[PDB]
Amino acid sequence: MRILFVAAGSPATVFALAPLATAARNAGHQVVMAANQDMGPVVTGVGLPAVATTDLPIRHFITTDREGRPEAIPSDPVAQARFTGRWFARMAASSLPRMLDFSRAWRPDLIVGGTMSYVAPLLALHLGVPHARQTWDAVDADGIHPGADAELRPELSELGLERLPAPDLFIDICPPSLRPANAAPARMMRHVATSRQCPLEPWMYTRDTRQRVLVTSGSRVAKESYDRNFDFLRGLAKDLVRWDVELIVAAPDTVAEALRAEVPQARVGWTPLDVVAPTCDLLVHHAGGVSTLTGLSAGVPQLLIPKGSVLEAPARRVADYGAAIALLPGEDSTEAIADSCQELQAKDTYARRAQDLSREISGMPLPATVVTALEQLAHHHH
Amino acid sequence: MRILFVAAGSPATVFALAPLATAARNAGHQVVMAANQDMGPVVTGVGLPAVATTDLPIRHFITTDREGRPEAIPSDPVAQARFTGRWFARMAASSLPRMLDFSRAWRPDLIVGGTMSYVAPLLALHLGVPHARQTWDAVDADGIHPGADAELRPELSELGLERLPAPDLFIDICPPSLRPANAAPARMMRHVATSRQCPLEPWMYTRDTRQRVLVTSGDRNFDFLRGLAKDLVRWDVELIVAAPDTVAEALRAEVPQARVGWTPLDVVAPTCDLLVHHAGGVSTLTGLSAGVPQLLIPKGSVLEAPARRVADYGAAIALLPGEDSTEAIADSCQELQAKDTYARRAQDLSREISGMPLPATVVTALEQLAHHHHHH
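Protein chains in written order, with the working numbering: chain A, 4 to 385; chain B, 2 to 377.
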């Protein structure tokens, strides 16, 4: 059958959906993935044909409203969650006329979209094909979807609705231990780490007696759907050198270049998180995209520095579980960061709990087994 | 598990292994694919981490005669097959030191190689781990493997062996109806077509009023394409030529009616009325999986019997060297486009391929192989 996957405007949205999308291709289905135009090479780099939902990048939709006026990001956590739904929704609303034309020409039997890929359910409603939603992280969307529903009032009105409908199939990669009790019934699916790949360098797979700490931006792209920075690194690397930690830095090339000067004691560049993660004793990141779930699947302790209101509660869940330390706004001092790495490095309780969670992820159903669910869904509709 | 896949020196060897390698990745395994350095981009373009077996192009591993002149490919079918096995084995033996250093560092639990990826079983023997072999087409390697054994005899003796052992698991993507009568039992697996990807353009999924013919090849790859393209363009056919960028601009300039460029076969093939594959490289299995009739113009005695096999089945016409006159090419294209039996047989083979076990199911076989090796 013919399946249209819809990611969104940042690389982790592609990476999160790629295991199921390539598993579907591996089962003999015709599969295409739609994403913003600038995600095109990200899509084709996971081995899939790419379609552009829109030629505008996410920065356009984040910073500008449907009326073409600049919009400020609010700080209140309820407001910011709604704002997140709103900007993903105006991207979808903007993409809908082109995606309708494409879908009428390509004739999908089924549409699979990411959590906030709102063009996916809109297309489903217009065209009468089933919609499956796959989550793309462990982030609660209960405060996000209402922001989307409000912003889509014009599109939903035409369809006789006040809110987007429930998915025909909901697939959730969130480990049950981190899954809120109010989440909708889902077909569980194992998160499988993917990214853009490279020629392997011995250090990505060759350990020494050091202690391997990876500070990472999650994707090499300059703009993910969440803030990242990186000022903290200089002071942190000094702390680490006394620990003869082997410090590895994966960052966008411009940031990567500045860091080579600021912390010369480190190995700075870009490397895929899925390749290097398993080899690490600690991951330090901003708790965006698929980074946290990738770290948990590898059994690695993490320092989570969430930047963005919707990213905070999921990061605290992992710390509360015992597999991470999470430094939320106002907690992330120079000293706090150093002390946290010290403790993650030196107390094996974190590694134990990270491994407990890895084992839980590895018991979840494989993407290949969820392809069966997609086939059953379309057979029942069609 | 950690699984090392070993393709070889041409994109087709990478594409053939990619469904299983990505299926293994999708099952949570750490997967790496090794191939010639110049294939690194192909490996990364299917979504896998790449490692280089060698930086030398495969044609540089054919040795020279007594007096230093490069060795002629002999014409006899048996002789060619044996020569091919020796050539691939020489490549394998040359890459064994680099790959052994890698494998000792990475520690694969299982090694999967394509048919003539002989470094794969050698590595497996050195590291004491299982070896699976996957076919990367429908070519019988019965005449090929003895040449490899002869070439590898010194490496085999270091391991206390006189010949390569059977694979610990043999995986065949050949449709049953096309396998030899004598064929070894294999874990059967569906061929799933895989290519380098690009942004989807409307023409790739939109037909017009014309019959659509795709030609791949695969320098008289040039004389042929131009010659053929001229012909097909005269019958008001929509001609799509899949050529390298190295000749794209020259071909366009000659035959401006043909669409010459960026063509992922997995995307476009199902959309065609006819595929024409010249020289070799491409799997006739992708056309079959798409259910499209094919004109096969093999060059290399190793490619003749399998192309003959698809023709005997009735899904293709195979023009062997000397048979591909302009008239024969033209009559064959007309037949493939118009006759019932060709369309029906190609659809029959597509149905057969579609009933074969999925790559994701073969990953399970790899896991069992690894498990039984060290748990008793």
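Ideal placement from N, C-alpha and C gives every residue a C-beta, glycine not left out.
message: So, does the stretch 241 to 256 of chain A touch the stretch 71 to 84 of chain A, judging by three or more C-beta pairs under 8 Å?
response: no
Inset, instruction - Specify whether the stretch 146 to 161 of chain A and the stretch 256 to 264 of chain A touch according to this definition: at least 3 beta carbon pairs, one from each stretch, less than 8 Å apart. - result: no
Does the Cβ-Cβ distance between A:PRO133 and A:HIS384 come in under 7 Å?
yes
request  = Would you check if the stretch 338 to 353 of chain B and the stretch 282 to 290 of chain B touch, i.e. whether three or more CB-CB distances between them fall below 8 Å?
outcome  = yes
Checklist entry - Per DSSP, what kind of secondary structure is A:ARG190 in: helix, strand or coil? => result strand
| Listed by chain order, chain A residues near B:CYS199 by CB distance under 9 Å | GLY43, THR47, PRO52 and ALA53
*Applying a beta-carbon distance threshold of less than 7 Å, which residues of chain B neighbour A:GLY298?*
Those do not exist, as A:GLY298 stays about 15 Å from chain B at its closest Cβ, beyond 7 Å.
Does any residue of chain A have a CB that is nearer than 7 Å to the CB of B:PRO166?
no
Across the stretch 217 to 227 of chain A and the stretch 286 to 293 of chain A, are there enough close Cβ pairs to call them in contact, namely three or more that are closer than 8 Å?
yes
Hey, out of B:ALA94, B:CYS273, B:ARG227 and B:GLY262, whose CA is closest to residue 438 of chain B's CA? The first residue shown for chain B is 2 and the last is 377, placing residue 438 of chain B beyond what the model contains.
Check your understanding: Is there at least one Cβ from chain B nearer than 7 Å to A:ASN185's Cβ?
Key -> no
Exercise. So A:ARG136 is in the beta strand (DSSP E); what residue range does that whole segment cover?
Worked result: 134 to 137
Review point. In chain order, what residues of the same chain lie with their CB nearer than 7 Å to the CB of A:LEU296, ignoring the 5 residues before and after it?
Key: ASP140, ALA141, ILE176 and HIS194
To the nearest angstrom, how far is it from the Cα of B:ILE145 to the Cα of B:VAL44?
26 Å
ask   = Counting only beta-carbon atoms, is B:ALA28 nearer than 7 Å to chain A?
value = yes
For B:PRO203, which residues in chain A fall below 8 Å Cβ to Cβ?
-> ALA108
key: Ordered list of beta strand (DSSP E) runs contained in the stretch 77 to 138 of chain A, each at least 3 residues   = 113 to 117 and 134 to 137
**Helix, strand or coil at A:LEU181 [DSSP, three-state]** = helix
- prompt: Could you give the uninterrupted runs of the alpha helix (DSSP H) lying entirely in the stretch 215 to 289 of chain A, keeping only those of 4 residues or more?
  reply: 236 to 244, 256 to 265 and 276 to 279
Next item on the list: Entirely within the stretch 313 to 337 of chain A and at least 4 residues each: give me those alpha helix (DSSP H) ranges in chain order.
Entry: none
* Taking only beta-carbon atoms, is A:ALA253 less than 7 Å away from chain B? -> no
Review point. Contact between the stretch 123 to 130 of chain B and the stretch 23 to 34 of chain B: three or more CB pairs below 8 Å?
Key: no
Where does residue 394 of chain B land, buried or exposed, given buried means 16+ other C-beta within 10 angstroms?
-> There is no way to answer for residue 394 of chain B, as the model of chain B reaches only from 2 to 377.
* To do: Measuring alpha carbon to alpha carbon, tell me which of B:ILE112, B:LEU296 and B:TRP204 ends up nearest A:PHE105.
  => B:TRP204
With DSSP collapsed to three states, give me the class of B:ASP150.
helix
Within the continuous alpha helix (DSSP H) that includes A:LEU20, where are the two ends? 14 to 29
With 7 Å as the threshold, decide whether the Cβ of A:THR295 is near any Cβ in chain B.
-> no
Exercise. Going along chain A in order, which residues have a C-beta closer than 8 Å to the C-beta of B:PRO265?
Worked result: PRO52
* Asked: Measuring CA to CA, which of B:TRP88, B:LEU233, B:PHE62 and B:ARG3 is closest to B:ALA151?
  -> B:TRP88
Inset, instruction - Please check the pair A:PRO77 and A:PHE86, which I expect to be a contact at CB under 8 Å, by giving their CB distance rounded to whole angstroms. - result: 6 Å
* To do: Could you check the C-alpha separation between B:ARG99 and B:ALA93 for me, to the nearest Å?
  => 10 Å
Worksheet item: Applying a beta-carbon distance threshold of less than 8 Å, which residues of chain B neighbour A:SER365?
Response: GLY29
(Q) Mapping the DSSP letters down to three states, classify B:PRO358 as helix, strand or coil. (A) coil
Q.
For B:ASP169, which residues in the same chain have their Cβ closer than 7 Å to its Cβ, ignoring the five residues on either side in sequence?
A. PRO131, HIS132, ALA133 and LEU370
For the alpha helix (DSSP H) holding A:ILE65, just list the boundary residues, first then last. 61 to 66
Checklist entry - When we look at the beta-carbon of A:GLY43 and count the other beta-carbons within 10 Å, is it buried (16 or more) or exposed? => result buried
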